[PDB]
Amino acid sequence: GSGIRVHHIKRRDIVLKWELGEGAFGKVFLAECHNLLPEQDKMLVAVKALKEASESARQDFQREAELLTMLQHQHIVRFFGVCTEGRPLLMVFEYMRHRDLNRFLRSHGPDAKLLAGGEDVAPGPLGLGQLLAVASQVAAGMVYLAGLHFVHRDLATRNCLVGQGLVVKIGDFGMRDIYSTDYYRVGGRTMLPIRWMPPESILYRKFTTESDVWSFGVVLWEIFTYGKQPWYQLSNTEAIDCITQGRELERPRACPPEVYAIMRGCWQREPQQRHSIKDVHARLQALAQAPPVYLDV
């Protein structure tokens, strides 16, 4: 009965060009969409496609579509609508031409085996002001979602998308991507991105906006390491021991100590002793506006 209206889209207005990537829920394609919005008569979009189509997944899908349509903000990937008219089930978002933030970060890092193209940003390392631009944008999306008492349980650079002009949006809310080394399998269809998770979550399986503040800290770290795995030398086992024993990630080489300061604040053992997401953003927007000077050794 009652609910949020989700723009339905006619399958005929959706022409899949080619696969962009794959997940556990299903695949993502580049696609052309006709008469989606009056402004542009034909345009490029990302299209999520569901693998399996029972009434258990159609229930998920609907909630997901309802929730996606409610959460609309400057730093959250534009959702356009679904298409239910014949399997496969479809969700349509704006096309973000720099893909997920984790590969974008990796493509602009020193260890890059190729030099990254594009007309909107220089190959090789980014500017600090750029790094804080990225950091500030992700915080701004977290500030919104906290505002609505929404809890992201997999905040990580692999779930942010990067667009033309170095726009950074939150891209996926989990509710997806198959199985990397970031997730520890603790049971059938129960995997946790435990490296991003704070003590409260590992120890008491509690997750709050404060837990997200902790994991956003690990995202700053991802950003300032050009998308390295937290605790990459360690095992999921050894990581859990670190997190639970108060061992913290070392400041990155390319991280000013004023930024590391903000990280260290995200990583308080006591959730209530962690800075609010609003406060974290503030200090990031500020530093983005006036990047300090920093060198090496």
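Just count from 1 along the sequence shown to find any residue number.
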> Just how many deposited residues go unmodelled from residue 175 to residue 176: none, 1 to 3, 4 to 9, or 10 or more?
Replying inline: 1 to 3
> Of 113-121 and 73-81, which one has the bigger average CA B-factor?
Replying inline: 113-121
> As stated in the PDB record, which stretch has the larger average Cα B-factor, 51-59 or 232-240?
Replying inline: 51-59
> Which has the highest CA B-factor per the PDB entry: 217, 171, 129, 187?
Replying inline: 187
>> I'd like to know which of 30, 68, 43, 262 has the highest C-alpha temperature factor in the PDB entry.
In response: 43
>> Splitting the chain's C-alpha B-factors into thirds, which one does residue 88 fall into?
In response: highest
> Taking the entry's C-alpha B-factors for this chain, is residue 179 in the lowest, middle or highest third?
Replying inline: highest
> So where's residue 266 on the chain's Cα temperature factor ranking, which third?
Replying inline: lowest
>> Taking only the Cα B-factors deposited for this chain, tell me whether residue 135 sits in the lowest, middle or highest third.
In response: lowest
>> Could you place residue 256 in the lowest, middle or highest third of its chain by Cα temperature factor, using the values in the record?
In response: middle
